[PDB]
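Chain by chain, the residues:
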Number of protein chains: 2
Amino acid sequence: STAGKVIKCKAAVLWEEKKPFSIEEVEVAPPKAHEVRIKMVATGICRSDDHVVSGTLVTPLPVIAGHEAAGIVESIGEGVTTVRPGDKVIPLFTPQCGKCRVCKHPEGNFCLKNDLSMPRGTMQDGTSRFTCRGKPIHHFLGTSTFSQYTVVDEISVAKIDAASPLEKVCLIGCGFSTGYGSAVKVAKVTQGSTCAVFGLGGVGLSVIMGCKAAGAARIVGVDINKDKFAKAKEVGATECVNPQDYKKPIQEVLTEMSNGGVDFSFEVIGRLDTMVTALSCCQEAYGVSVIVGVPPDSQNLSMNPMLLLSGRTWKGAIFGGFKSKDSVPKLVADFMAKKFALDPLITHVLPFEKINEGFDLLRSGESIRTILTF
Amino acid sequence: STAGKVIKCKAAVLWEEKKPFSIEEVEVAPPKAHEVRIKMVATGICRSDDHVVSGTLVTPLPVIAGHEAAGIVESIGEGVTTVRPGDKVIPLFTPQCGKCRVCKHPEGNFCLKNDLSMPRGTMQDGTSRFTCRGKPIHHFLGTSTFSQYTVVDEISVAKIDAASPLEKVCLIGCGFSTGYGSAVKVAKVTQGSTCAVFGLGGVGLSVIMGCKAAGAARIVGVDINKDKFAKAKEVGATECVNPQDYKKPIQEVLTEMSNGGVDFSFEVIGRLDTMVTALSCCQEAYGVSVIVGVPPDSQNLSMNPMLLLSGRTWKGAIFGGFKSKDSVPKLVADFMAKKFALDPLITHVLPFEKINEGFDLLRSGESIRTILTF
Ligand SMILES: NC(=O)c1ccc[n+]([C@@H]2O[C@H](COP(=O)([O-])OP(=O)([O-])OC[C@H]3O[C@@H](n4cnc5c(N)[nH+]cnc54)[C@H](O)[C@@H]3O)[C@@H](O)[C@H]2O)c1
Ligand SMILES: NC(=O)c1ccc[n+]([C@@H]2O[C@H](COP(=O)([O-])OP(=O)([O-])OC[C@H]3O[C@@H](n4cnc5c(N)[nH+]cnc54)[C@H](O)[C@@H]3O)[C@@H](O)[C@H]2O)c1
Ligand SMILES: OCc1c(F)c(F)c(F)c(F)c1F
Ligand SMILES: OCc1c(F)c(F)c(F)c(F)c1F
Ligand SMILES: [Zn+2]
Ligand SMILES: [Zn+2]
Ligand SMILES: [Zn+2]
Ligand SMILES: [Zn+2]
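Analysis parameters
The scheme used for residues numbers each chain from 1 in its written sequence order. That scheme is not guaranteed to match the entry numbering, and residues without coordinates are omitted from view. Going through the entries in the order they are written, you letter the chains from A and number the ligands from 1. To obtain the side-chain values, all non-hydrogen atoms of the structure were used and water was disregarded. Donor atoms: N, O and S within 2.8 Å of the metal, or within 3.2 Å for Na, K and Ca. Because water is excluded, sites can look incomplete. Angle rules define the geometry names used: all angles between 85 and 135 degrees makes four donors tetrahedral, while opposite donors over 155 degrees apart and all other angles between 65 and 115 make four donors square planar and six octahedral, leaving every other case irregular. Counting from the N terminus, the helices are the DSSP runs of H or I reaching at least four residues and the strands are the DSSP runs of E reaching at least two. The cut-offs for exposure are 20% and 50% of the maximum accessible area for each residue type, with area from a 1.4 Å probe on protein chains only; residues under the lower value are buried, those over the upper are exposed, and the others partly exposed. Stacked, tilted and edge-to-face pairs are distinguished by plane angle, under 30 degrees for stacked and over 60 for edge-to-face with tilted covering the rest, among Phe, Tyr and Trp rings (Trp via its six-membered ring) whose centres lie within 6.5 Å. Contacts between residues were defined by any pair of non-hydrogen atoms, one from each residue, lying within 4.5 Å. Simply put, the buried area is the total loss of 1.4 Å probe accessible area from both parts when two parts are fitted together. Between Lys or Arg on one side and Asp or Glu on the other, a salt bridge is scored when a side-chain nitrogen of the former is within 4 Å of a carboxyl oxygen of the latter. Think of a polar contact as two N or O atoms within 3.5 Å of one another; within protein, one of them needs to be a possible hydrogen donor and the other a possible acceptor, and neighboring residues in sequence only count if both atoms come from side chains. Expected helix span is taken as 1.5 Å per residue step, with the number of steps being one fewer than the number of residues. Two axes enter the definition of the bend at a residue: one is fitted to the seven residues ending there, the other to the seven starting there, and the bend is the angle between them. Paired strands, in this sense, are two strands between which DSSP finds at least two bridges. Note on definitions: angles span 0 to 180 degrees between N-to-C directions of axes, and those axes are lines fitted to C-alpha atoms, for helices only across the stretch in contact. By nonpolar core is meant a set of buried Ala, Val, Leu, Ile, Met, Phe, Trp, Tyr and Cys residues that side-chain atoms within 4.5 Å join together. Consider each residue's heavy atoms; a residue with any of them within 4 Å of a molecule or strand counts as near. Residue exposure ignores everything except the shown protein chains as possible cover, and the areas themselves are Shrake-Rupley values with a 1.4 Å probe. For this classification, the nonpolar set comprises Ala, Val, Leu, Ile, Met, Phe, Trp, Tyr, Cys and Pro, the charged set comprises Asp, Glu, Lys and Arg, and every other residue, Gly included, is treated as polar. What fixes the domain bounds is an automatic or database domain assignment.

For this coordinate set, the PDB header names X-ray crystallography as the determination method and states a resolution of 1.70 Å.

The following block contains the structure:
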């Protein structure tokens, strides 16, 4: 049995920014009240995890990153009611405490218990369950999935279908649900509309899937890497454009393509300039633009508010606007019911020990999602 | 017997920025095809008119300003079908051509024939109906209401109830419809919500009216002029705050007062800093902020897009999101049915000849709306 005991296991520890992950032994404490210790099965490499390494995102170091994953419950702390040992689960990087004003709000999903806005890199109780070489190691978004075992607060875990393929549905922990929800729930893309999607990685392909699902007539993919176009067309893009191919700003190209501006645009990269471009390419009176990409820490954009005064709507979301604990098991159920596909997002499947090579595939432009298997 | 003939009349010509208006004779050409010549009865002084004087709003000079008004049709050009001589009418500074992609969209109102985005200061045909001292004078937003007679394109005028009191209903041509629509149609304020309204002039008072109509529990007026508070309370503010009273920035004050941010915020001033503050003060995950105020020409704001990524929605609108020609007669009908009050906005009445004193009143902070009578 491991229950009630410290587990020594392998994890990918990030000791400082802009360095490879260190794959080594850590000690994982047993779960305290209302906590859940999970044996990881599969975790995806999300660009957000790369932002921690690059310093685009500031979070306390050293850290066990990873937030897109699935695993199997090893043990539960006293008080846990929503999962049990042996359950398949997906950690929730946006929690759902169910009691805060946001949780109670019918649209809101950015639960006030989150560790995103002012990251502490701890459990809800302000402490860490991880040590490495005698030192405490921070958690990341309450999840820390780049470990053979993690401990999460109950509000940061969802039970999923026992028959789920964990090496696919781990994507429901971030990339798929974020893109898909951004289209269907946040933007509320309409039938027959014209959509533009900036950034054709795992998240942007998922936005395309959502736009297609919502019945868009036109879905224009935008990326500087033309290698990403063929997959974007496979999942629903009607045409792809590379800004580098044009003498004019791409907002102008998109406005002409769409005969006056698009219905819905999505920034799915994380650049200040493309957030403004995305806003500008939506139709001035009724367009809607959604920010999905994570921008570099503490940097402001500049824009002209007349872009909004004419009628545009600008919004952003975390995790596709989904209330995380209610939505994740439904999304897995829908996948099992063949309502959407995940295979088009998966380009590479590596063992966990090859985490660094996975991140190099991302950084080189070669991968969409690499799934690491424990 | 004035039909088909040039009319000489007095108008208030603005020859140069930052100068008084010159009340002097102009010649008003007869209407061309699909144009309407209107004998003005009453016109309100809106801060946007003052923006033309200050250079906050750039539009070609010399100009006949004025956009918030009502009058009586003197004559119609060939092909006009929607009004007739002797009809009571409100000029529509935002037109409704009924044919463009915006006019056809269920939620758009910023008709593509507008003269607001890139002002020419002409009629739809690119020419002027106005001469003064033998010199052509520009139109403003297709309305030019600071004249005893104006000529407007048919898509820039609405027939209203023959029994309407024009010295009141002129406010439906801008200030009232704008603020009220901004709350009820653009923001879609909900029952029991907390609203914050930045700027307690005619438009922000109309926003308050709208929020109270929509059933908001709390409506916080924000103004640096505490003289504006009493009227704001009369029309529904539950509490008023002056930023100059506080050591902390007002977004933090509003966030505290609202136990984590308001449901709806409105910028009804026209400053870049208060556009950002107003966004910031709405709840980070599900707050909605609406820009109503008109910013200084060509200036950009600076903001941190993480304010959106958490879940905020930012939008703007012209004329409260109302499709102008459809809405104005319905708004007048509802006023006549006492569905809303216009008297709380009218603080001063003057003859047209005292237009400059009317502007002095607005500039001093003493008036809300001054109505000028021809
Ligand atoms: N809001 C959320 O909850 C949420 C969740 C998941 C991911 N993210 C963010 O979303 C963004 C995309 O994530 P991902 O899909 O995993 O990243 P990714 O796989 O790196 O994809 C980004 C795509 O953007 C492309 N790109 C880079 N620069 C430009 C440019 N100037 N113009 C057009 N394309 C460009 C690039 O070629 C790549 O295909 C990142 O910033 C993530 O941090 C946000
Ligand atoms: N979007 C539209 O269709 C539309 C329509 C009508 C009016 N407008 C604009 O809306 C704004 C309001 O117009 P109005 O109500 O006629 O103007 P107004 O009567 O000048 O009211 C503005 C109010 O803002 C207050 N104010 C000024 N500075 C600050 C500050 N820093 N903090 C708090 N309050 C401050 C000021 O004391 C005044 O009571 C102006 O910019 C207009 O041009 C927009
Ligand atoms: O990809 C999900 C994701 C985000 F959307 C963030 F805003 C963030 F800060 C983060 F760490 C993260 F993982
Ligand atoms: O007050 C209404 C109004 C506006 F909302 C504008 F954006 C504008 F440019 C203008 F001239 C105007 F009069
Ligand atoms: Zn919560
Ligand atoms: Zn992610
Ligand atoms: Zn139109
Ligand atoms: Zn106005």
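K.L.:
I tried to follow the coordination of the zinc ion (ligand 7) on my own but got confused; where do I start?
P.N.:
Residues and elements named next belong to chain B. Taken together, the protein donors to the zinc ion (ligand 7) comprise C97 (SG), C100 (SG), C103 (SG) and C111 (SG), at separations of 2.3 to 2.4 Å. Given four donor atoms and angles of 102 to 121° at the metal, the environment of the zinc ion (ligand 7) is assigned as tetrahedral. Within one chain, the residues serving as donors to the zinc ion (ligand 7) are arranged as C-x2-C-x2-C-x7-C. Taken as a pair, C100 in the loop between β5 (88-91) and α2 (101-104) and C111 in the loop between α2 and β6 (130-132) lie far apart in primary sequence, eleven residues in all. The buried category is assigned to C100, whose relative accessible area is 12%. Classification of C111 by relative accessible area gives buried; the value is 0%.

K.L.:
Looking at this structure, how should I read the coordination of the zinc ion (ligand 6)?
P.N.:
Expected angles at a metal are 109.5 degrees for tetrahedral coordination by four donors and either 90 or 180 degrees for octahedral coordination by six donors. Residue and element names in this part refer to chain A. Here the zinc ion (ligand 6) is held by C46 (SG), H67 (NE2) and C174 (SG), and the distances to it run 2.2 to 2.3 Å. In this structure, the zinc ion (ligand 6) is coordinated by four donor atoms arranged in tetrahedral fashion, with angles at the metal of 102 to 123°. Binding-site remark: the zinc ion (ligand 6) is held by donors from one chain whose sequence spacing is C-x20-H-x106-C. One end of the pair, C46, is in the loop between β3 (35-44) and α1 (47-54); the other, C174, is in the loop between α3 (166-169) and α4 (175-187), and 128 residues separate them in sequence. You can call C46 buried: its relative accessible area is 4%. By relative accessible area, which is 5% here, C174 ends up buried.

K.L.:
Looking at this structure, how should I read the packing of aromatic side chains?
P.N.:
The relative placement of two aromatic rings is captured by the distance of their centres and the angle of their planes. Tallied over the full model, the rule gives 21 aromatic pairs over all chains. Through successive ring pairs, a cluster of aromatic residues spans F176, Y180, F335 and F340 of chain A.

K.L.:
When you look at the interface of chain A and chain B in this model, what are you seeing that I'm missing?
P.N.:
The extent of an interface is frequently quoted as the accessible surface area lost upon association of the parts. Residue-level contacts link 42 residues of chain A with 43 residues of chain B. Of the roughly 3300 Å² buried where chain A meets chain B, counting both sides, 60% is carbon and sulfur surface. In terms of surface lost to chain B, no three residues of chain A exceed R101, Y286 and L309 of chain A, which account for 22% of the buried area on that side. In this assembly, chain A and chain B are joined by zero salt bridges. Viewed at the interface, chain B and chain A are joined by 22 residue pairs in polar contact.

K.L.:
Any chance you could explain α4 of chain A here in plain terms?
P.N.:
Residues separated by three or four positions in an α-helix point in the same direction, a consequence of the helix having 3.6 residues per turn. Residues and elements named next belong to chain A. If you check α4, its first and last C-alpha atoms are 17 Å apart, about what 13 residues at 1.5 Å a residue would give, namely 18 Å. The largest bend along α4 measures about 45° and falls at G181. Summarising burial for α4: eleven of the 13 residues are buried, a large majority. Three or more residues of α4 are buried, namely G175, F176, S177, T178, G179, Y180, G181, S182, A183, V186 and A187. Two residues or fewer past α4, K188 is found with a positive phi of approximately 50°.

K.L.:
Could you clarify how one ought to interpret the sheet that holds strand β13 (residues 264-267) of chain B in this entry?
P.N.:
Reading across the sheet, the twelve strands line up as β12(A)-β11(A)-β10(A)-β13(A)-β14(A)-β16(A)-β16(B)-β14(B)-β13(B)-β10(B)-β11(B)-β12(B) and stay open at both edges, with mixed pairing between neighbours. The two strands at the open ends of the sheet, each matched to only one other strand, are β12 (239-241) of chain A together with β12 (239-241) of chain B. The sheet shows a mean angle of 15° between the axes of neighbouring strands, taken without regard to direction. Bridge analysis of strand β16 (residues 313-316) of chain A against strand β16 (residues 313-316) of chain B gives three bridges, and the strand direction is antiparallel.

K.L.:
How should the nonpolar core be read in this particular structure?
P.N.:
Counting residues in hydrophobic clusters, the biggest one holds 241 residues, and the most contacted among them are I172 and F266 of chain A together with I172 and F266 of chain B. Discounting residues that sit within four places of it in the chain, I172 of chain B has contacts with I90, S177, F319, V328, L331, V332, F335, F340 and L342 of chain B.

K.L.:
I keep staring at the site of ligand 1 and nothing clicks. Help me out?
P.N.:
Taken together, 28 residues sit near ligand 1, with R47, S48, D223, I269 and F319 of chain A positioned nearest. At the site occupied by ligand 1, nearby residues are drawn from chains A and B. One nitrogen or oxygen atom from the main chain of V203 of chain A is found 3.0 Å from an oxygen atom belonging to ligand 1. In the model, an oxygen atom of ligand 1 is placed 2.7 Å from a nitrogen or oxygen of the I269 of chain A main chain. Coverage of ligand 1 by the protein amounts to 91% of the 870 Å² it exposes when considered alone. Sorting the residues of the shell around ligand 1 by element identifies α1 and α5 (202-213) of chain A as the ones contributing at least two each. Examining the composition of the shell around ligand 1, we find that three residues originate from one element, α1 of chain A, more than from any other. A class-by-class count of the residues in the shell around ligand 1 yields 14 nonpolar, nine polar and five charged. Shared between two domains, the shell around ligand 1 takes at least three residues from each, and those domains are domain 1 (1-178 + 318-374) and domain 2 (179-317) of chain A.

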